[PDB]
Amino acid sequence: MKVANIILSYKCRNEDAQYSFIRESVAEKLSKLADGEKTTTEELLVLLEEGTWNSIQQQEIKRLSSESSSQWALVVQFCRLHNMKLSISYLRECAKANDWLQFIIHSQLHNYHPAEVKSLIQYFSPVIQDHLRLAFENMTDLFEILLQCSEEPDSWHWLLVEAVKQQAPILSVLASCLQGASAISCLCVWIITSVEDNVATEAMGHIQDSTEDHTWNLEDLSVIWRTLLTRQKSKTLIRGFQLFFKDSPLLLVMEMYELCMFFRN
Amino acid sequence: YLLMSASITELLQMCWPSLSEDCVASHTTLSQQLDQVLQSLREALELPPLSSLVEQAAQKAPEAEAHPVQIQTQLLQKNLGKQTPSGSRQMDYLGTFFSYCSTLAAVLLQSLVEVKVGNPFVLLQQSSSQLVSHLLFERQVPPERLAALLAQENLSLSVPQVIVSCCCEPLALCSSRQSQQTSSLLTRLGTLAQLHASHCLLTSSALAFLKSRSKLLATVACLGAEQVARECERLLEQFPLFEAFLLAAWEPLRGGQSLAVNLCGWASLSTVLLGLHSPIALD
């Protein structure tokens, strides 16, 4: 009864029609809702919110004062009563306006489920936003990705797992500098994360496990080596083998390959 | 009860919870109390950050016990519970947010015995990083006691991540402005190639904590005066395989001096660590 009654204003004082046809339409929609039409239920509640906003405006008061919530209670009342997801009605309407002592209280006295409050927290401001996301907690910056890399098992996998995903190559070199990283491993990460897209992808076919569970060994470099040399691109290997494992002979065995088949002297 | 509070079809279609004997006046009293509280609440709370907290901490303890904000704080903290459902676990949001503007005030005041925690909703004026920055640099605090205290409250300000991004550098690592800039560089250099080949015929003391934790995040921190160069010298000397991708990356952009006295201070040292991953890479 309260829902149908409150639906009057922004269906009659906003639309021009005979009230009887409106009544018939509303009755049809009501019987439809009785059938548990979730979509129709959502539409009906949406209209309820719209008309409620109109009515709130009509009373000529602040759109988010105390009596505002007093009239707004029915908004939660309906949604809960009909077993529909608690709609984010006035939480946002206060969120954009930077008024915390409404997003605290009115968050509270209806039991706003903890996912929604945090999820909608990202509307306030620069300030009173960091004091709030951390308030009840319970990357893309090299000064951060490495600052928060003192937390893993040791290190030798968080940095590599984070750097294989986003194509970067000034992280792997730091990765193979902390105490306990397999020097013959990070080479796979560099040479696979400093090439083009298709080259970086089609070479990955040798892998079987997922991204964070594929500890490299002295075997994956084999397919990496072969894939890189096929479809000519050698100034990358002839380049990595200097940062990593040094003048050891494989470097020269590949250094021949620049003076021949590319440079021809 | 309706008539007395004021002092059929009028009523049996309103929407209080149930028409039981008490619930009507119960809700009336609860709503009226919450409103009469929150009104005076906003009134009081509508009334320098560190300076203001310092001053509020200089009064007498009996005076501080009567903080108007605190005075109504427990009133509302209890009204919310007394006006709410029963049997369902009400997550005490007001408590959680009161703790974070109480405990942080306490720590940021103590690090500056005991302390009279006055009006605590005065530090919500500025953001998180700003406060730690002000305390760390301005009022001569040592960047170890603070990182010690914040440990024993279960917080996450990250006393290193607030000192690095206030005096060091804007190093950024995107991933989509690389494949959208290779196809731009390949064109701009080509246009600059044809039209030129067709011519064919104090200086910080937080280095203490910085070096204390994870020396790598001290080397990269340095690379972002002559004393700074001197620190970089040794701190990179202890690292063999990093100064190879900083000298096979410094020649084909500028060329004397030393391998560190040239970079650490110039915009030659922020397009070189990262590759094409920079806003100012192209120029």
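If you check the PDB entry, chain B appears there as Zinc finger FYVE domain-containing protein 26 from Homo sapiens.

In the nomenclature of the PDB entry, chain A corresponds to Spatacsin from the organism Homo sapiens.

Undergrad: Go over the overall build of chain A with me, naming the residues and quoting the values.
TA: Of the regular secondary structure elements, chain A holds 18 helices and zero strands. At 31 Å, chain A has a C-alpha radius of gyration far larger than the 18 Å of a compact globule built from 265 residues. By its C-alpha atoms, chain A is 95 × 40 × 30 Å across when sized along the principal axes.

Undergrad: Residue-level account of the overall build of chain B, with values.
TA: Helices and strands together make up the secondary structure of chain B, namely 14 helices and zero strands. Listing the helices and strands of chain B from first to last along the sequence gives α-α-α-α-α-α-α-α-α-α-α-α-α-α. Taking 283 residues into account, the globule formula puts the C-alpha radius of gyration at 19 Å, and chain B, at 31 Å, lies well above it. Across its three principal directions, the C-alpha atoms of chain B cover 105 × 55 × 35 Å.

Undergrad: Could you give an account of the interface of chain B and chain A, naming the residues involved and the relevant values?
TA: At the junction of the two partners, chain B supplies 35 residues and chain A supplies 28 residues. When residues of the side of chain B that touches chain A are traced back to their parent elements, those giving at least two are α6 (93-110), α9 (161-167) and α12 (216-222) of chain B. Per element, the largest residue contribution to the side of chain B that touches chain A is five residues, and it comes from α6 of chain B. Taken together, the residues of the side of chain B that touches chain A break down into 26 nonpolar, eight polar and one charged.

Undergrad: How would you sum up unusual backbone geometry? Please name residues and give values.
TA: All names here are of chain B. Non-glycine residue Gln140 carries a positive phi angle of around 45°. Turning to its location among the elements, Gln140 is positioned in the loop between α7 (128-138) and α8 (145-149). With a phi close to 60°, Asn154 is a non-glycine residue in the positive phi region. Tracing the sequence through the fold places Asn154 in the loop between α8 and α9.

Undergrad: Can you lay out the packing of aromatic side chains for me, pointing to particular residues and giving the numbers?
TA: Centroid distance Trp190 of chain A to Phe244 of chain A: 6.4 Å. Interplanar angle 70°. Geometry classified as edge-to-face. Taken together, the positions of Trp190 of chain A in helix α14 (residues 186-192) and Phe244 of chain A in the loop between α17 (237-243) and α18 (250-259) put the pair 54 residues apart, joining distant regions of the chain. Measuring from ring centre to ring centre gives 6.2 Å for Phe97 of chain B and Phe121 of chain B, while their planes differ by 55°; the resulting arrangement is tilted. A connected cluster of aromatic rings, assembled from ring pairs, spans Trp190 and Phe244 of chain A together with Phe245 of chain B.

Undergrad: Which residues make up the environment of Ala163 of chain A, and what are the values?
TA: Residues and elements named next belong to chain A. Structurally, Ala163 can be placed in helix α12 (residues 158-165). As a C-alpha pair, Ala163 and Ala175 span twelve residues in sequence and 9.6 Å in three-dimensional space. In this structure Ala163 touches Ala168, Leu171 and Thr193, once residues within four positions along its chain are discounted.

About the criteria used
- Residues numbered from 1 in each chain as written, not as in the entry; some residues may be left out.
- Chains lettered and ligands numbered in written order.
- Part of a larger assembly, values for the part shown.
- Heavy atoms only, no water.
- Residues with missing side-chain atoms left out of burial classes, pairs and counts.
- Helix = DSSP H or I, 4+ residues; strand = E, 2+ residues; numbered from the N terminus.
- Rg over C-alpha atoms; globule rule 2.2 N^0.38 Å.
- Contact = heavy atoms within 4.5 Å.
- Nonpolar A, V, L, I, M, F, W, Y, C, P; charged D, E, K, R; others polar.
- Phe/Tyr/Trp six-rings, centres within 6.5 Å; stacked < 30°, edge-to-face > 60°.

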